[PDB]
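Engineer: Before anything else, here's the structure in question.
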There are 6 protein chains.
Amino acid sequence: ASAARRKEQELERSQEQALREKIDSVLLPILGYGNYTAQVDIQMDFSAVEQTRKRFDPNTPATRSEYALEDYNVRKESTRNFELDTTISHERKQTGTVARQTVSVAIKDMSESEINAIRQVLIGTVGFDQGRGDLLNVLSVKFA
Amino acid sequence: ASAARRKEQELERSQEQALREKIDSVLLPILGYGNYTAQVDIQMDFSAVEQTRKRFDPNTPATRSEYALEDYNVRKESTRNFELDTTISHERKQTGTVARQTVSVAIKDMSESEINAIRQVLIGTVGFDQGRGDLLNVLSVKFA
Amino acid sequence: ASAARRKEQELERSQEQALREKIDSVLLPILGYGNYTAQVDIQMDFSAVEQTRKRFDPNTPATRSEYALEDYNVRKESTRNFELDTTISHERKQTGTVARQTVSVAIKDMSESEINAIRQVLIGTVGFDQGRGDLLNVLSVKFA
Amino acid sequence: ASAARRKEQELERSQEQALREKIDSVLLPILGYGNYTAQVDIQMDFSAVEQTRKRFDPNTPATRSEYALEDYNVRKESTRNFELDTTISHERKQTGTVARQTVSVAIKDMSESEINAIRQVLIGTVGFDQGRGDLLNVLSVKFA
Amino acid sequence: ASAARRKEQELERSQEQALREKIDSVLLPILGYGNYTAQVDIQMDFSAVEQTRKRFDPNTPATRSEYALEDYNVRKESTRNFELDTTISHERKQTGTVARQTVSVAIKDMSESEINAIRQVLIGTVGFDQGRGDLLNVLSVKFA
Amino acid sequence: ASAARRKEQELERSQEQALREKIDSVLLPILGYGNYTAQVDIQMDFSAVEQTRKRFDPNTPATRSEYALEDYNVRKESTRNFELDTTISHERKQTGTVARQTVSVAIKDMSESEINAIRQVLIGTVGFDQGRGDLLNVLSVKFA
């Protein structure tokens, strides 16, 4: 029960560790050893979702049987059968999708252009996405 | 029964410990050894939620059988059958989701800008989220 | 029967002990050894709640079969069948949720600002929440 | 039968003992050894309560089948079926809840402010609650 | 359960490693050792989708049986049967499709034409596709 | 499950390797050793598609039985049966079809005619096809 849950926790940590390497592999040759520091956080969910969809197309009907009666003298009778396009889809979702991610970078003292360029580099280095509400902050402060 | 519950408690502590490392890895090189102190708290729940949804689309009907009678002289009769889009979803929730989290940081004596910058760094260092009603306080006081 | 109940009691004590460490880890470097004292209390419940909800959506009906008769000369007849969205939820609550918590801190002799700042630090150190009717008091008295 | 009941008695005593330590851990460094005395009492109950609730929502009805007849010439007929939201809850109460608690403190000879402050400290030290009709008295008398 | 999931994670890393070789095999002979740095990220999904389609062609009907009655004096009666073209398709999707990919390249200090040419080379070196919302950034910054 | 999927990945790499030989076998004797560099990418899918078609020919009917009645005095009655051409097709698709492919070639420094001729040679050397949205870029840049 709770034995497996702890394992899940460890997995999250692993993800963070991976990120903590990648940012280390890019900022080190450009900024320098001891002139920067950063940390990351990854939050995920472990739900279990299944979906079954069964759709129809009402705009394309096909007739199979038809009966009509038009007895004037005004008796009018009609009986028709139809066949429709059916689509069935069954989907199972993954377990462990990343929900949110936060990255913070502090640089020892910079102009606006340099910070913007470093942020642009980190955009591809990390993979920031605005759809998931991700967070990425880069700034320069005085060390001590 | 109660033997497993205690384990859950330990898990919470582990989470706090993790945070107590991350804040230590960022504030130490910028502020300095012995010039800061902080503690965290994490509160979670261990419920068990299952959901089953079965939705329909009323705006897209598809006809299958149709019978009509229009006997004037004004007898009018109609009988129709319909087919609708059906969606079935089954979801199971996780056990151990984080509900609230509190972070407090005290700095030995600072200007407003420095405190704001440190708070901004901690925002990404911890992962503060306003949706869950999280709490983060950073301030400077005189030590003794 | 009563053998397990005693165990529950011990668990509560453990919680208090944890708090008695955290307040010790924050107030000690700022106030000093022998200049403060504090105690905490945690009260919980051990009920067992299960819930089953079965909800409907009346504003979105979907028709399945329809029969109508409009014989003028004013005979009017109608018979319709409907399909509705059904949601089923099954929830099981935890055992051992914290209900109330009280914290009291006495400081050896202070200005209002210092007490307010210490209270603000303790807010994040402990995790005071007004929703549960929690209690936190910090004051300064003359020792002997 | 009566063998277990005695055990329950012992449990109550344990509770009192715990309180007799906590008040000892707070009043001793501020008041001094031999300048105070206190005793506590805890009264509980050992009932066994089970509850089963089955609630409905009358303000949100959902129609399933409907038949109508409107034969003028004024024959009016209607027959409708409804579906309602159902909630089922099953609860089991704890055994050993604290009902009332009394605390009495006597201090060797004090001003009103000092007594008020000591009472405020004891409020958080013990956890006095007015909902349960708890009792807490602190006063100063001449010893002999 | 969770044992296989971790394997999936490793697979993603492998993909990135492959890319980290290819960019190394192209930029090295043109730019030079120690004058560039780059990192990549690949995000995928592990769903399980099955589809079943059953289509009809209403514009091409074929008659099988036909009955007609044209009794003048105006009794008109008709009854026809039809045969239609039926197409049945069953599809199963893959597991592990690439969703998004980010590439970032920094070059030590360049004119616009050189950067454009390097980007064009990397377009074929990596396989950037705008349909999936892929990201590729190449820029020049001052190293330190 | 995931053990076979990895194998699929390896297969893709093999394809690329093959291409990396063919371009090496053509450009080397014409351009020269160390005056060019190139890389390729191949993306495929591993779906599983089955199709069943059942077609009719409505323009060529064949009569089998016929009954007619032409009682004047104007009773007219007809009843005919038909036989139609039926075609049944069952198809199973391959697994591992190439979807897209990208080729990039950089030549050390050229006139437009030479680049056009090299592109024309590579067209047959690789097999560029515009139907699949393939990509082939050849350009000349200054090396370093």
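Residue numbering restarts at 1 for every chain of the structure tokens, chains are lettered A, B, ... in their displayed order, and ligands are numbered from 1 as they appear.
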Which residues, written as an NGL selection string, have at least one atom at most 8 Å from residue 97 (chain A), with only C-alpha atoms counted and residues fewer than 4 positions away on the same chain left out?
Structural biologist: :A and (44-46)
Engineer: Export N, CA and C atoms of the chosen residues as a PDB file, in the first residue's frame?
Structural biologist:
ATOM      1  N   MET A  44       4.147  16.349  -9.921  1.00  0.00           N
ATOM      2  CA  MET A  44       3.426  15.472 -10.829  1.00  0.00           C
ATOM      3  C   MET A  44       2.206  14.894 -10.129  1.00  0.00           C
ATOM      4  N   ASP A  45       1.427  14.127 -10.889  1.00  0.00           N
ATOM      5  CA  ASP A  45       0.254  13.437 -10.376  1.00  0.00           C
ATOM      6  C   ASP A  45       0.285  11.981 -10.823  1.00  0.00           C
ATOM      7  N   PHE A  46      -0.410  11.136 -10.070  1.00  0.00           N
ATOM      8  CA  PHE A  46      -0.407   9.693 -10.292  1.00  0.00           C
ATOM      9  C   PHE A  46      -1.832   9.157 -10.345  1.00  0.00           C
TER      10      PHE A  46
END
Engineer: What would chain D look like once superposed on chain C, with the fit done by least squares over all C-alpha atoms paired in order? Give it as a compact mmCIF listing (two decimals) with N, CA and C atoms, in the first residue's frame.
Structural biologist:
# COMPACT_ATOMS: atom_id res chain seq x y z
N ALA D 1 -9.17 -4.40 21.88
CA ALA D 1 -10.14 -3.33 22.06
C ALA D 1 -9.47 -2.06 22.59
N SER D 2 -9.21 -2.03 23.90
CA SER D 2 -8.56 -0.89 24.52
C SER D 2 -7.05 -0.90 24.36
N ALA D 3 -6.46 -2.02 23.93
CA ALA D 3 -5.02 -2.08 23.75
C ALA D 3 -4.56 -1.15 22.63
N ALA D 4 -5.29 -1.12 21.52
CA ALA D 4 -4.91 -0.25 20.41
C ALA D 4 -5.16 1.22 20.74
N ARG D 5 -6.23 1.51 21.49
CA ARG D 5 -6.57 2.90 21.80
C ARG D 5 -5.40 3.62 22.46
N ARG D 6 -4.75 2.97 23.43
CA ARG D 6 -3.60 3.57 24.09
C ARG D 6 -2.54 3.97 23.07
N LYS D 7 -2.29 3.12 22.07
CA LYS D 7 -1.33 3.45 21.03
C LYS D 7 -1.66 4.80 20.40
N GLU D 8 -2.95 5.01 20.10
CA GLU D 8 -3.38 6.29 19.53
C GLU D 8 -2.90 7.45 20.39
N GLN D 9 -3.08 7.33 21.71
CA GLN D 9 -2.61 8.37 22.62
C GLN D 9 -1.14 8.67 22.38
N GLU D 10 -0.31 7.63 22.36
CA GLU D 10 1.12 7.83 22.15
C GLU D 10 1.38 8.62 20.88
N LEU D 11 0.63 8.31 19.81
CA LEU D 11 0.83 9.01 18.55
C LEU D 11 0.68 10.51 18.73
N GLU D 12 -0.36 10.93 19.45
CA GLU D 12 -0.56 12.36 19.69
C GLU D 12 0.68 12.97 20.33
N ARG D 13 1.21 12.31 21.36
CA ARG D 13 2.40 12.82 22.03
C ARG D 13 3.53 13.04 21.03
N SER D 14 3.73 12.06 20.13
CA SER D 14 4.78 12.18 19.13
C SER D 14 4.65 13.49 18.37
N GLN D 15 3.43 13.79 17.91
CA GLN D 15 3.20 15.03 17.18
C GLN D 15 3.71 16.22 17.98
N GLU D 16 3.30 16.31 19.25
CA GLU D 16 3.73 17.43 20.08
C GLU D 16 5.24 17.50 20.14
N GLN D 17 5.89 16.34 20.33
CA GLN D 17 7.34 16.31 20.41
C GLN D 17 7.95 16.94 19.16
N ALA D 18 7.43 16.59 17.99
CA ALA D 18 7.95 17.15 16.75
C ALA D 18 7.90 18.67 16.80
N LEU D 19 6.75 19.23 17.19
CA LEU D 19 6.64 20.67 17.28
C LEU D 19 7.65 21.23 18.28
N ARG D 20 7.81 20.55 19.42
CA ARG D 20 8.73 21.03 20.44
C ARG D 20 10.16 21.05 19.95
N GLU D 21 10.47 20.35 18.85
CA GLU D 21 11.79 20.48 18.26
C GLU D 21 11.87 21.68 17.33
N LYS D 22 10.84 21.87 16.50
CA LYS D 22 10.91 22.90 15.46
C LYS D 22 11.02 24.29 16.07
N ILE D 23 10.19 24.59 17.06
CA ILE D 23 10.28 25.87 17.75
C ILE D 23 11.64 26.01 18.42
N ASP D 24 12.23 24.89 18.86
CA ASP D 24 13.57 24.94 19.44
C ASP D 24 14.63 25.26 18.40
N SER D 25 14.39 24.89 17.14
CA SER D 25 15.39 25.09 16.10
C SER D 25 15.40 26.51 15.55
N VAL D 26 14.38 27.31 15.83
CA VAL D 26 14.27 28.66 15.30
C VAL D 26 14.53 29.71 16.37
N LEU D 27 13.91 29.55 17.55
CA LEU D 27 14.02 30.57 18.58
C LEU D 27 15.39 30.56 19.25
N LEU D 28 16.07 29.41 19.26
CA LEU D 28 17.35 29.32 19.96
C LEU D 28 18.42 30.24 19.39
N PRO D 29 18.68 30.28 18.07
CA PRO D 29 19.76 31.16 17.58
C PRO D 29 19.43 32.64 17.62
N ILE D 30 18.16 33.02 17.71
CA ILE D 30 17.78 34.43 17.70
C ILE D 30 17.58 34.97 19.11
N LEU D 31 16.94 34.20 19.99
CA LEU D 31 16.67 34.66 21.34
C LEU D 31 17.80 34.31 22.31
N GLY D 32 18.26 33.07 22.29
CA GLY D 32 19.33 32.65 23.17
C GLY D 32 18.93 31.55 24.13
N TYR D 33 19.91 30.80 24.62
CA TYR D 33 19.63 29.71 25.54
C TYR D 33 19.19 30.28 26.88
N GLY D 34 18.07 29.77 27.40
CA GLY D 34 17.59 30.15 28.70
C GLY D 34 16.79 31.44 28.75
N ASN D 35 16.42 32.00 27.60
CA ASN D 35 15.64 33.23 27.56
C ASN D 35 14.23 33.02 27.03
N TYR D 36 13.77 31.77 26.95
CA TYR D 36 12.46 31.49 26.39
C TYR D 36 11.98 30.13 26.89
N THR D 37 10.67 29.91 26.78
CA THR D 37 10.06 28.63 27.10
C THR D 37 8.74 28.53 26.35
N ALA D 38 8.39 27.31 25.95
CA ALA D 38 7.18 27.12 25.16
C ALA D 38 6.69 25.69 25.30
N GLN D 39 5.39 25.51 25.08
CA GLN D 39 4.77 24.20 25.06
C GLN D 39 3.64 24.21 24.04
N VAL D 40 3.31 23.02 23.53
CA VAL D 40 2.31 22.86 22.49
C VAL D 40 1.33 21.77 22.89
N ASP D 41 0.18 21.76 22.22
CA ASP D 41 -0.84 20.74 22.40
C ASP D 41 -1.54 20.47 21.08
N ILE D 42 -1.79 19.20 20.80
CA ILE D 42 -2.45 18.77 19.57
C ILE D 42 -3.60 17.85 19.95
N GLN D 43 -4.80 18.16 19.46
CA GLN D 43 -5.99 17.35 19.68
C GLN D 43 -6.52 16.87 18.34
N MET D 44 -6.78 15.57 18.24
CA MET D 44 -7.22 14.96 17.00
C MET D 44 -8.45 14.09 17.26
N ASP D 45 -8.98 13.53 16.18
CA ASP D 45 -10.12 12.62 16.23
C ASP D 45 -9.82 11.38 15.40
N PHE D 46 -10.50 10.29 15.73
CA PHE D 46 -10.26 8.99 15.11
C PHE D 46 -11.58 8.38 14.64
N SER D 47 -12.39 9.18 13.95
CA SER D 47 -13.65 8.69 13.41
C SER D 47 -13.40 7.87 12.15
N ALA D 48 -14.49 7.44 11.50
CA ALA D 48 -14.40 6.66 10.27
C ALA D 48 -15.59 7.05 9.41
N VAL D 49 -15.35 7.86 8.38
CA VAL D 49 -16.40 8.43 7.56
C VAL D 49 -16.28 7.90 6.14
N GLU D 50 -17.40 7.47 5.58
CA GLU D 50 -17.50 7.04 4.19
C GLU D 50 -18.62 7.81 3.51
N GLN D 51 -18.41 8.20 2.26
CA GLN D 51 -19.38 8.99 1.53
C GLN D 51 -19.60 8.40 0.14
N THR D 52 -20.85 8.46 -0.32
CA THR D 52 -21.21 8.02 -1.67
C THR D 52 -22.18 9.04 -2.25
N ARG D 53 -21.76 9.73 -3.30
CA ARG D 53 -22.55 10.77 -3.94
C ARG D 53 -22.94 10.33 -5.34
N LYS D 54 -24.16 10.68 -5.75
CA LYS D 54 -24.68 10.28 -7.06
C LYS D 54 -25.47 11.48 -7.60
N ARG D 55 -24.82 12.29 -8.43
CA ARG D 55 -25.33 13.58 -8.85
C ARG D 55 -25.89 13.51 -10.27
N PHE D 56 -26.77 14.45 -10.59
CA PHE D 56 -27.38 14.55 -11.91
C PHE D 56 -27.25 15.98 -12.41
N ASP D 57 -27.40 16.14 -13.73
CA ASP D 57 -27.39 17.45 -14.37
C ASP D 57 -28.74 17.68 -15.04
N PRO D 58 -29.64 18.45 -14.44
CA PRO D 58 -30.98 18.62 -15.03
C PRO D 58 -31.03 19.60 -16.18
N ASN D 59 -30.03 20.47 -16.34
CA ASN D 59 -30.07 21.51 -17.35
C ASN D 59 -29.64 21.03 -18.73
N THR D 60 -29.17 19.79 -18.85
CA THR D 60 -28.69 19.24 -20.13
C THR D 60 -29.39 17.91 -20.36
N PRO D 61 -30.60 17.93 -20.90
CA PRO D 61 -31.29 16.69 -21.24
C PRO D 61 -31.06 16.28 -22.69
N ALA D 62 -31.06 14.97 -22.91
CA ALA D 62 -30.88 14.39 -24.24
C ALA D 62 -32.05 13.47 -24.54
N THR D 63 -32.73 13.72 -25.66
CA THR D 63 -33.89 12.94 -26.03
C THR D 63 -33.48 11.64 -26.72
N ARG D 64 -34.21 10.57 -26.43
CA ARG D 64 -33.96 9.27 -27.04
C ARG D 64 -35.12 8.82 -27.91
N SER D 65 -36.35 8.84 -27.39
CA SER D 65 -37.53 8.47 -28.15
C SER D 65 -38.59 9.55 -27.99
N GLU D 66 -39.35 9.78 -29.06
CA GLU D 66 -40.33 10.85 -29.09
C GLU D 66 -41.54 10.41 -29.91
N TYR D 67 -42.73 10.61 -29.35
CA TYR D 67 -43.99 10.33 -30.03
C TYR D 67 -44.90 11.54 -29.88
N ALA D 68 -45.53 11.95 -30.97
CA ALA D 68 -46.38 13.14 -30.97
C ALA D 68 -47.65 12.87 -31.76
N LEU D 69 -48.72 13.56 -31.37
CA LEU D 69 -50.00 13.49 -32.06
C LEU D 69 -50.66 14.85 -31.98
N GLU D 70 -51.10 15.36 -33.13
CA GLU D 70 -51.58 16.74 -33.28
C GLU D 70 -52.88 16.77 -34.07
N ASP D 71 -53.86 15.98 -33.64
CA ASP D 71 -55.12 15.85 -34.38
C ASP D 71 -55.98 17.08 -34.15
N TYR D 72 -56.04 17.98 -35.13
CA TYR D 72 -56.95 19.12 -35.09
C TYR D 72 -58.32 18.70 -35.61
N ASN D 73 -59.20 19.68 -35.82
CA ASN D 73 -60.53 19.43 -36.36
C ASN D 73 -61.14 20.72 -36.91
N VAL D 74 -59.19 19.55 -30.42
CA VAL D 74 -57.76 19.77 -30.58
C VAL D 74 -56.98 18.75 -29.76
N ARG D 75 -56.95 17.51 -30.24
CA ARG D 75 -56.24 16.44 -29.56
C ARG D 75 -54.73 16.62 -29.70
N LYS D 76 -54.06 16.81 -28.57
CA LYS D 76 -52.61 16.94 -28.54
C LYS D 76 -52.04 15.93 -27.55
N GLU D 77 -51.09 15.13 -28.01
CA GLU D 77 -50.47 14.09 -27.19
C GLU D 77 -48.97 14.07 -27.43
N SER D 78 -48.21 13.85 -26.36
CA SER D 78 -46.76 13.81 -26.45
C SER D 78 -46.21 12.79 -25.46
N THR D 79 -45.14 12.10 -25.87
CA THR D 79 -44.48 11.13 -25.01
C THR D 79 -43.00 11.11 -25.36
N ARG D 80 -42.15 11.53 -24.43
CA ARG D 80 -40.72 11.64 -24.69
C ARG D 80 -39.93 10.89 -23.62
N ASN D 81 -38.77 10.38 -24.02
CA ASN D 81 -37.82 9.76 -23.11
C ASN D 81 -36.52 10.56 -23.10
N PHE D 82 -35.84 10.55 -21.95
CA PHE D 82 -34.67 11.39 -21.75
C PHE D 82 -33.51 10.56 -21.20
N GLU D 83 -32.30 11.06 -21.45
CA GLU D 83 -31.08 10.50 -20.90
C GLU D 83 -30.27 11.62 -20.26
N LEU D 84 -29.72 11.35 -19.08
CA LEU D 84 -29.10 12.39 -18.26
C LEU D 84 -27.69 11.99 -17.88
N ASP D 85 -26.89 13.00 -17.55
CA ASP D 85 -25.51 12.79 -17.11
C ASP D 85 -25.49 12.33 -15.66
N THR D 86 -24.82 11.21 -15.40
CA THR D 86 -24.73 10.64 -14.07
C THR D 86 -23.28 10.63 -13.61
N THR D 87 -23.06 11.07 -12.37
CA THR D 87 -21.74 11.07 -11.76
C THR D 87 -21.81 10.35 -10.43
N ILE D 88 -20.93 9.37 -10.24
CA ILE D 88 -20.88 8.58 -9.02
C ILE D 88 -19.52 8.76 -8.38
N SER D 89 -19.50 9.11 -7.09
CA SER D 89 -18.27 9.34 -6.36
C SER D 89 -18.30 8.57 -5.05
N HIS D 90 -17.20 7.90 -4.73
CA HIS D 90 -17.06 7.15 -3.49
C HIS D 90 -15.80 7.63 -2.78
N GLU D 91 -15.95 8.11 -1.55
CA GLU D 91 -14.84 8.69 -0.80
C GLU D 91 -14.73 8.05 0.57
N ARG D 92 -13.49 7.84 1.01
CA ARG D 92 -13.20 7.34 2.34
C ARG D 92 -12.24 8.30 3.03
N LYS D 93 -12.58 8.71 4.24
CA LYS D 93 -11.81 9.72 4.95
C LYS D 93 -10.65 9.10 5.72
N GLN D 94 -9.71 9.95 6.11
CA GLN D 94 -8.55 9.53 6.89
C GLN D 94 -8.93 9.34 8.35
N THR D 95 -8.00 8.74 9.11
CA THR D 95 -8.18 8.51 10.54
C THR D 95 -7.00 9.13 11.27
N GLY D 96 -7.25 10.23 11.98
CA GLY D 96 -6.20 10.89 12.74
C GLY D 96 -5.94 12.32 12.31
N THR D 97 -6.96 12.97 11.76
CA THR D 97 -6.81 14.35 11.33
C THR D 97 -6.69 15.28 12.53
N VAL D 98 -5.83 16.28 12.42
CA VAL D 98 -5.62 17.25 13.49
C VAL D 98 -6.79 18.21 13.53
N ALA D 99 -7.38 18.39 14.71
CA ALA D 99 -8.53 19.26 14.88
C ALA D 99 -8.13 20.66 15.35
N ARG D 100 -7.40 20.73 16.47
CA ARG D 100 -7.00 22.00 17.06
C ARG D 100 -5.56 21.90 17.54
N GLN D 101 -4.93 23.06 17.69
CA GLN D 101 -3.54 23.11 18.15
C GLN D 101 -3.29 24.45 18.83
N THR D 102 -2.58 24.40 19.96
CA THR D 102 -2.32 25.57 20.78
C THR D 102 -0.82 25.71 21.01
N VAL D 103 -0.31 26.92 20.83
CA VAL D 103 1.10 27.22 21.05
C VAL D 103 1.20 28.45 21.95
N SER D 104 2.05 28.37 22.97
CA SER D 104 2.27 29.47 23.90
C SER D 104 3.76 29.69 24.08
N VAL D 105 4.20 30.93 23.92
CA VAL D 105 5.62 31.29 24.01
C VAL D 105 5.78 32.45 24.98
N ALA D 106 6.70 32.30 25.93
CA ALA D 106 7.03 33.33 26.90
C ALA D 106 8.50 33.71 26.75
N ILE D 107 8.77 35.01 26.68
CA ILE D 107 10.11 35.53 26.46
C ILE D 107 10.52 36.34 27.68
N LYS D 108 11.72 36.08 28.19
CA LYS D 108 12.25 36.85 29.30
C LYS D 108 12.52 38.29 28.87
N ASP D 109 12.22 39.23 29.76
CA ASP D 109 12.43 40.65 29.47
C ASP D 109 13.81 41.10 29.94
N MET D 110 10.04 44.09 26.08
CA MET D 110 10.25 44.06 24.64
C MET D 110 9.25 44.96 23.92
N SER D 111 9.68 45.55 22.81
CA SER D 111 8.82 46.44 22.05
C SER D 111 7.76 45.64 21.28
N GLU D 112 6.75 46.36 20.81
CA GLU D 112 5.68 45.73 20.05
C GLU D 112 6.19 45.15 18.73
N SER D 113 7.10 45.87 18.07
CA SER D 113 7.59 45.43 16.76
C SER D 113 8.34 44.11 16.86
N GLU D 114 9.17 43.95 17.89
CA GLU D 114 9.92 42.71 18.04
C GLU D 114 8.99 41.53 18.28
N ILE D 115 7.98 41.71 19.14
CA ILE D 115 7.02 40.64 19.40
C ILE D 115 6.24 40.30 18.13
N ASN D 116 5.85 41.33 17.37
CA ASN D 116 5.13 41.08 16.12
C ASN D 116 5.99 40.30 15.14
N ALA D 117 7.28 40.65 15.04
CA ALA D 117 8.17 39.94 14.13
C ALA D 117 8.37 38.49 14.56
N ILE D 118 8.53 38.26 15.87
CA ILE D 118 8.69 36.89 16.36
C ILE D 118 7.42 36.09 16.09
N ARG D 119 6.25 36.71 16.28
CA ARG D 119 5.00 36.03 15.97
C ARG D 119 4.91 35.70 14.48
N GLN D 120 5.34 36.62 13.62
CA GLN D 120 5.33 36.35 12.18
C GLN D 120 6.25 35.19 11.83
N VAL D 121 7.42 35.13 12.45
CA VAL D 121 8.33 34.01 12.21
C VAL D 121 7.69 32.70 12.66
N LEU D 122 7.10 32.70 13.86
CA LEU D 122 6.45 31.50 14.37
C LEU D 122 5.25 31.09 13.53
N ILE D 123 4.62 32.03 12.82
CA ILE D 123 3.49 31.70 11.96
C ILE D 123 3.90 30.68 10.91
N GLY D 124 5.04 30.91 10.25
CA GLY D 124 5.54 29.95 9.29
C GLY D 124 6.28 28.79 9.93
N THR D 125 6.85 29.01 11.12
CA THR D 125 7.56 27.93 11.79
C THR D 125 6.61 26.82 12.23
N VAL D 126 5.40 27.18 12.65
CA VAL D 126 4.43 26.23 13.16
C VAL D 126 3.39 25.87 12.11
N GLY D 127 2.83 26.87 11.43
CA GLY D 127 1.79 26.62 10.45
C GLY D 127 0.41 26.96 10.98
N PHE D 128 0.29 28.10 11.65
CA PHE D 128 -0.97 28.51 12.24
C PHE D 128 -2.03 28.71 11.16
N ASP D 129 -3.22 28.15 11.40
CA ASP D 129 -4.33 28.25 10.47
C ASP D 129 -5.58 28.69 11.22
N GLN D 130 -6.23 29.74 10.73
CA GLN D 130 -7.42 30.26 11.39
C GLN D 130 -8.67 29.45 11.09
N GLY D 131 -8.65 28.61 10.05
CA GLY D 131 -9.83 27.84 9.70
C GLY D 131 -10.19 26.81 10.76
N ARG D 132 -9.19 26.21 11.39
CA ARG D 132 -9.40 25.19 12.40
C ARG D 132 -9.54 25.76 13.81
N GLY D 133 -9.56 27.08 13.95
CA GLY D 133 -9.60 27.68 15.27
C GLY D 133 -8.34 27.46 16.06
N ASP D 134 -7.18 27.52 15.41
CA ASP D 134 -5.91 27.31 16.09
C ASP D 134 -5.60 28.49 17.01
N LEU D 135 -4.71 28.25 17.97
CA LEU D 135 -4.36 29.28 18.95
C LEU D 135 -2.85 29.43 19.03
N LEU D 136 -2.38 30.68 18.95
CA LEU D 136 -0.96 30.99 19.09
C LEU D 136 -0.83 32.27 19.89
N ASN D 137 -0.15 32.19 21.03
CA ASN D 137 0.07 33.34 21.90
C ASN D 137 1.56 33.48 22.17
N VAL D 138 2.08 34.69 21.99
CA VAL D 138 3.47 35.02 22.28
C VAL D 138 3.49 36.26 23.15
N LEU D 139 4.21 36.20 24.27
CA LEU D 139 4.23 37.33 25.20
C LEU D 139 5.55 37.34 25.95
N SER D 140 5.80 38.45 26.64
CA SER D 140 7.02 38.64 27.42
C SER D 140 6.65 38.90 28.88
N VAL D 141 7.29 38.17 29.79
CA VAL D 141 7.04 38.30 31.22
C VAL D 141 8.38 38.32 31.95
N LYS D 142 8.33 38.80 33.19
CA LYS D 142 9.52 38.85 34.03
C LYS D 142 9.75 37.50 34.69
N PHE D 143 10.96 36.96 34.53
CA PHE D 143 11.31 35.67 35.10
C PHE D 143 11.77 35.84 36.55
N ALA D 144 11.99 34.71 37.21
CA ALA D 144 12.45 34.71 38.59
C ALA D 144 13.25 33.45 38.90
Engineer: As number ranges by chain, please: all residues of region 11-87 of chain B that backbone DSSP puts in helix (DSSP H, G or I).
Structural biologist: B: 11-31
Engineer: Where does DSSP see strand (DSSP E) in region 105-143 of chain B, if you list the residues as a VMD selection string?
Structural biologist: chain B and resid 105 to 108 135 to 141
